[PDB]
């Protein structure tokens, strides 16, 4: 007929800065004495109604005869851990329960990756570190939902992991990636990471053969892809072409794409010949020929 525990030491979950309330139930306590304490540090908390700890945030109440209640006001994440309830029987009895302190997640600036600049076809690793309770799972996405090249040769719209490694980066992989940290404790937070892919230029021409008649206005057009952005100009007889009141070159730039036109006004017999659109950037140059002929 020694004291017995009326039930388990109930697990308790509580968000940071609130009041934790652990409760220990003892039947037939008689003249015996109940004691609380923190397990990890082996810190005596309370004995009967006295608080042994000088931690002003802890209190003990014994309203109902069978329930001894430990109260931790303004909980910190450092209070998370195992707590014990002890009865000074012989041999002594003890049961333990866990106090889980949940914290909304946060993404650390370090070692989380800053903007990345990678040559096309080379490796890159995006890192991201977050802190929370429970520990947050990290999810990678791209703006617009683009696919992420996965380590296993496949691709998907999301990847779990603190570090995302991409082998052989492609210009299509370029854009804004998102490090999304979540742990069930709102609010979920995220951080944007730019992946920049540099590559030399390439040119496509819809019509490498165009004709016209005198006094006519015709327009030649090329398309290029190059990053960083390329300088695009036109050539003829190996000579640059300047806006000359008759020729007007344009460029329509969008990301790593460029559409370059050369509008010629009032065609003259001297204009016919071999033109060239050219694109050049840090990583190389390229060109493409267009022939303009007479009707």
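Residue numbers count along the first chain shown, from 1.
Legend: mean Cα B-factor per stretch from the PDB entry, 184-192 versus 210-218; the higher mean is in 210-218. When the C-alpha B-factors of 22-30 and 244-252 are averaged, 244-252 comes out higher. Across the residues 264, 44, 69, 231, the deposited record lists the maximum Cα B factor for 264. Note on 173, 114, 165, 89: the highest value goes to 114, judged by CA B factor as recorded. In the PDB entry, a CA B factor belonging to the highest third of its chain's modelled residues is recorded for residue 75. In the PDB entry, a CA B factor belonging to the highest third of its chain's modelled residues is recorded for residue 274. When the modelled residues of the chain are ordered by C-alpha B-factor, residue 225 sits in the lowest third. Ranked within its chain, residue 282 lands in the lowest third, by CA B factor from the PDB record. Sort the chain's modelled residues by C-alpha temperature factor and residue 131 lands in the middle third, per the entry.
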